[PDB]
Each structure stands twice: as structure tokens, then as C-alpha cells.
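Right, one structure below, let's go through it.
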Amino acid sequence: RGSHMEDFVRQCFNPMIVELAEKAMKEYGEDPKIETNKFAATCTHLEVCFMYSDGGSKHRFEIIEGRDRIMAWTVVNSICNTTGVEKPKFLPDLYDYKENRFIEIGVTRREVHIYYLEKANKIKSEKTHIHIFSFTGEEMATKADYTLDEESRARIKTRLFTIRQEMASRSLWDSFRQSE
Ligand SMILES: COc1cc(CCNC(=O)c2[nH]c(-c3ccccc3C(F)(F)F)nc(=O)c2O)ccn1
Ligand SMILES: [Mn+2]
Ligand SMILES: [Mn+2]
């Protein structure tokens, strides 16, 4: 092992996000020491969800990402069985209480159009909202409803570009970009 990417991941993201990403990949049969770009991407996706949920009031979002698969489904079932929304086929990331809809947050190294289409084809569920960010400052949301005020989303974009810069400064961006 001994990747430059792994050491960069541990010093760039906070320990809790690193710990959560280690559990997730290990739960799905992968190891942060080999699939190190997936390690960087899992942390990134985790941090974005956290900043996103931090963008609302206080009780607006229920965080689904960053839970055990069984407990995340339990919370999803309780949300469906109390508000009345349909149960998604694939685990979402958040649930907007203000807007009464699940949210699937994506972070891609391609143009937001293609990644959105793949997840919109994977979901095929309508209902759940889709919101994609990219490492180049662009975003894409369902029905152009970007959910959060603009300010919050702007932060996420800045954070994503800083991650890209630190990766490129360490000459690890090109392998990270051409790996998704
Ligand atoms: C197939 O690979 C997997 C699958 C899982 C199951 C749980 N996963 C999610 O629920 C999930 N997964 C991804 C994603 C997919 C492939 C590569 C990178 C990511 C990314 F961005 F995290 F970095 N994007 C999301 O938005 C998202 O909600 C875990 C670990 N690996
Ligand atoms: Mn998810
Ligand atoms: Mn997601």
C-alpha cells in the first residue's frame, strides 16, 4: 500500500468523515488502502452532504448518508410511514422536511449533465430530488430547484475546487479525475 492519496485524504478531511468513509467502503467490500480514489471520493461525498444539511434552518434535513445500511433504511422507512412519500429503491442521502422529498446528492468529475442523467436513469423514481455538484464549480438540480439558498451551495463549490487544487499540487488530481 502506502499511497500518497491515502495520506492526503487523512490530512485533508476531518477524522470523523474519514472514519465514516472507512466504515462505508469496508461494509461494501472495499479497502481504503487500495481503492484510494474511491476513498477520496467517499469522504468528499460525505462532506458535501454534511455541508448541505448544514445549509438549512436546524430541523430541515434528516441525514441518511453516514449511517449503517440497516439504520439508514430504518430512518427512510419511518420517514415514508409518517409523511406518506413513496419508499425509494436506492438509499438516498438526505430528506428535505421543508419540501417533503428525498435528495440524492452527487459529486462528479464530469460535466453535471451526464452524471445527472445516469443517476436519473438509476433512480427512475421521480419523487426524490437530485442535486449534483462538480469539482469545477457547476451544479445541477431537478426542476432547477436548488433547494438551499445560493450562499450555501456556493461554499460547497469552493470547497470542492480547493480539494482539486490540493490534489493537483500533489500531482494526484489527474489519476483522481480519470478514475470515476
Ligand atoms: C458502487 O460503489 C460503492 C457503492 C456504495 C453503496 C453506498 N453508496 C451511495 O449511496 C453513494 N455512492 C456514490 C459513489 C459511487 C461510486 C463511486 C464513488 C461514489 C462516491 F460519490 F461516493 F464517491 N455516490 C453517491 O452519491 C451515493 O449516495 C459504497 C461504496 N462504493
Ligand atoms: Mn448515498
Ligand atoms: Mn449521493
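To be explicit about the labels: the chains of the C-alpha cells are called A, B, and onward in the order shown, and within each one the residues are counted from 1, while ligands get numbers from 1 in the order they are shown.
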Would you list the residues that come within 8 Å of ligand 3? Count only C-alpha atoms and all ligand atoms and give the answer as a ChimeraX atom specification. /A:45,49,65,92-93,104-107
Residues just named, written with N, CA, C and O atoms as a PDB file, in the first residue's frame:
```
ATOM      1  N   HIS A  45     -17.871  13.099  -0.919  1.00  0.00           N
ATOM      2  CA  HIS A  45     -19.323  12.990  -0.955  1.00  0.00           C
ATOM      3  C   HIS A  45     -19.909  13.113   0.443  1.00  0.00           C
ATOM      4  O   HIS A  45     -20.964  13.730   0.631  1.00  0.00           O
ATOM      5  N   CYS A  49     -22.564  16.265   1.670  1.00  0.00           N
ATOM      6  CA  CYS A  49     -23.840  16.011   2.334  1.00  0.00           C
ATOM      7  C   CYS A  49     -23.932  16.753   3.658  1.00  0.00           C
ATOM      8  O   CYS A  49     -24.972  17.344   3.984  1.00  0.00           O
ATOM      9  N   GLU A  65     -27.078   9.555   4.593  1.00  0.00           N
ATOM     10  CA  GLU A  65     -25.700   9.147   4.356  1.00  0.00           C
ATOM     11  C   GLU A  65     -24.912   9.219   5.659  1.00  0.00           C
ATOM     12  O   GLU A  65     -25.205  10.027   6.543  1.00  0.00           O
ATOM     13  N   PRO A  92     -31.143   7.085  -0.416  1.00  0.00           N
ATOM     14  CA  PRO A  92     -30.806   8.489  -0.683  1.00  0.00           C
ATOM     15  C   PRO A  92     -29.826   9.038   0.344  1.00  0.00           C
ATOM     16  O   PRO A  92     -29.385   8.307   1.238  1.00  0.00           O
ATOM     17  N   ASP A  93     -29.487  10.323   0.235  1.00  0.00           N
ATOM     18  CA  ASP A  93     -28.547  10.969   1.146  1.00  0.00           C
ATOM     19  C   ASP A  93     -29.227  11.781   2.239  1.00  0.00           C
ATOM     20  O   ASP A  93     -28.813  11.717   3.402  1.00  0.00           O
ATOM     21  N   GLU A 104     -30.909  13.089  -3.462  1.00  0.00           N
ATOM     22  CA  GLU A 104     -29.718  12.328  -3.817  1.00  0.00           C
ATOM     23  C   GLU A 104     -28.649  13.321  -4.252  1.00  0.00           C
ATOM     24  O   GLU A 104     -28.798  13.992  -5.279  1.00  0.00           O
ATOM     25  N   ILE A 105     -27.578  13.417  -3.473  1.00  0.00           N
ATOM     26  CA  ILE A 105     -26.505  14.368  -3.726  1.00  0.00           C
ATOM     27  C   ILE A 105     -25.379  13.655  -4.454  1.00  0.00           C
ATOM     28  O   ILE A 105     -24.902  12.605  -4.006  1.00  0.00           O
ATOM     29  N   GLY A 106     -24.949  14.228  -5.574  1.00  0.00           N
ATOM     30  CA  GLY A 106     -23.881  13.664  -6.365  1.00  0.00           C
ATOM     31  C   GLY A 106     -22.700  14.630  -6.468  1.00  0.00           C
ATOM     32  O   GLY A 106     -22.883  15.846  -6.471  1.00  0.00           O
ATOM     33  N   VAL A 107     -21.509  14.057  -6.533  1.00  0.00           N
ATOM     34  CA  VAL A 107     -20.277  14.816  -6.723  1.00  0.00           C
ATOM     35  C   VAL A 107     -19.475  14.075  -7.780  1.00  0.00           C
ATOM     36  O   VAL A 107     -19.019  12.950  -7.543  1.00  0.00           O
TER      37      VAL A 107
END
```
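The list of residues with at least one atom within 10 Å of residue 136 of chain A, based on only C-alpha atoms and without residues fewer than 2 positions apart in the same chain, reads residues 108, 109, 110, 111, 112, 133, 134, 138, 139, 157, 158, 160, 161 and 164 of chain A.
Nearest-residue note for ligand 1: choosing from A:101, A:33, A:69, A:155, the minimum distance belongs to A:69, counting only C-alpha atoms and all ligand atoms.
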Surrounding residues of residue 96 of chain A excluding itself and chain neighbours under 2 positions, 12 Å, only C-alpha atoms, as a VMD selection string: chain A and resid 52 to 53 55 to 64 76 79 83 85 92 to 94 98 to 104 127 to 130 146 to 148
Could you write out the selected residues, including N, CA and C atoms, as a short mmCIF file (atom, residue, chain, number, x, y, z; two decimals), in the first residue's frame?
```cif
data_model
loop_
_atom_site.label_atom_id
_atom_site.label_comp_id
_atom_site.auth_asym_id
_atom_site.auth_seq_id
_atom_site.Cartn_x
_atom_site.Cartn_y
_atom_site.Cartn_z
N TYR A 52 -24.27 20.44 3.04
CA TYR A 52 -25.62 20.62 2.52
C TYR A 52 -26.65 20.65 3.65
N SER A 53 -26.64 19.63 4.51
CA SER A 53 -27.56 19.60 5.64
C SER A 53 -27.33 20.77 6.59
N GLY A 55 -26.82 23.67 5.59
CA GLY A 55 -27.31 24.85 4.91
C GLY A 55 -28.72 25.27 5.23
N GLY A 56 -29.51 24.39 5.84
CA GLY A 56 -30.89 24.68 6.15
C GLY A 56 -31.04 25.47 7.43
N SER A 57 -32.22 25.35 8.05
CA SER A 57 -32.51 26.03 9.34
C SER A 57 -31.84 25.26 10.47
N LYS A 58 -32.51 24.22 10.99
CA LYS A 58 -31.94 23.39 12.05
C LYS A 58 -32.57 22.00 12.03
N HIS A 59 -33.88 21.93 11.79
CA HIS A 59 -34.60 20.67 11.73
C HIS A 59 -35.02 20.31 10.31
N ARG A 60 -34.42 20.96 9.31
CA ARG A 60 -34.94 20.80 7.95
C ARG A 60 -34.58 19.45 7.36
N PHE A 61 -33.34 19.00 7.53
CA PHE A 61 -32.84 17.80 6.87
C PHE A 61 -32.63 16.66 7.86
N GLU A 62 -32.95 15.45 7.42
CA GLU A 62 -32.55 14.21 8.07
C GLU A 62 -31.42 13.60 7.26
N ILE A 63 -30.29 13.36 7.90
CA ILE A 63 -29.10 12.86 7.21
C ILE A 63 -29.19 11.34 7.11
N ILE A 64 -29.24 10.83 5.89
CA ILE A 64 -29.27 9.39 5.64
C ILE A 64 -27.88 8.83 5.37
N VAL A 76 -35.36 5.82 6.71
CA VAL A 76 -36.12 6.01 5.48
C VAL A 76 -37.53 5.45 5.62
N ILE A 79 -39.57 7.74 7.76
CA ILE A 79 -39.94 8.94 7.01
C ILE A 79 -41.08 8.63 6.06
N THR A 83 -44.81 10.61 6.74
CA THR A 83 -45.20 11.68 5.83
C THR A 83 -46.07 11.18 4.68
N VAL A 85 -44.65 9.67 1.72
CA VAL A 85 -43.94 9.58 0.45
C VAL A 85 -43.61 8.12 0.14
N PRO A 92 -31.14 7.08 -0.42
CA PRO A 92 -30.81 8.49 -0.68
C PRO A 92 -29.83 9.04 0.34
N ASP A 93 -29.49 10.32 0.24
CA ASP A 93 -28.55 10.97 1.15
C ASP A 93 -29.23 11.78 2.24
N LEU A 94 -30.25 12.56 1.89
CA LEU A 94 -30.98 13.38 2.84
C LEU A 94 -32.47 13.20 2.62
N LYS A 98 -38.68 20.48 4.73
CA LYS A 98 -39.37 21.71 4.29
C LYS A 98 -40.12 21.39 2.99
N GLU A 99 -39.50 20.64 2.12
CA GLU A 99 -40.04 20.36 0.79
C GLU A 99 -40.67 18.98 0.66
N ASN A 100 -40.62 18.15 1.71
CA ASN A 100 -41.24 16.81 1.71
C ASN A 100 -40.72 15.94 0.56
N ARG A 101 -39.40 15.84 0.45
CA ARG A 101 -38.84 14.99 -0.63
C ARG A 101 -37.42 14.57 -0.26
N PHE A 102 -37.07 13.34 -0.65
CA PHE A 102 -35.72 12.84 -0.52
C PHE A 102 -34.80 13.55 -1.50
N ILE A 103 -33.51 13.58 -1.17
CA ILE A 103 -32.49 14.21 -2.00
C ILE A 103 -31.35 13.23 -2.21
N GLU A 104 -30.91 13.09 -3.46
CA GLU A 104 -29.72 12.33 -3.82
C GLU A 104 -28.65 13.32 -4.25
N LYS A 127 -40.19 11.41 -7.79
CA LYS A 127 -40.24 11.78 -6.35
C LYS A 127 -38.97 12.45 -5.82
N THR A 128 -37.98 11.63 -5.47
CA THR A 128 -36.69 12.07 -4.87
C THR A 128 -35.98 13.13 -5.72
N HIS A 129 -35.53 14.19 -5.05
CA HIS A 129 -34.81 15.26 -5.72
C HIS A 129 -33.36 14.87 -5.97
N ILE A 130 -32.82 15.38 -7.07
CA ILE A 130 -31.44 15.11 -7.47
C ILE A 130 -30.69 16.43 -7.52
N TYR A 146 -32.83 24.31 -6.61
CA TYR A 146 -31.57 24.06 -5.94
C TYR A 146 -31.70 24.04 -4.42
N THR A 147 -32.93 23.96 -3.90
CA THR A 147 -33.20 23.63 -2.51
C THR A 147 -32.67 24.67 -1.52
N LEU A 148 -31.36 24.75 -1.40
CA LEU A 148 -30.77 25.69 -0.46
C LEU A 148 -30.69 27.07 -1.09
#
```
Could you find all residues in segment 2-123 of chain A that DSSP calls alpha helix (DSSP H) from the backbone, and write them as a ChimeraX atom specification? /A:4-12,15-27,36-53,69-83,112-123
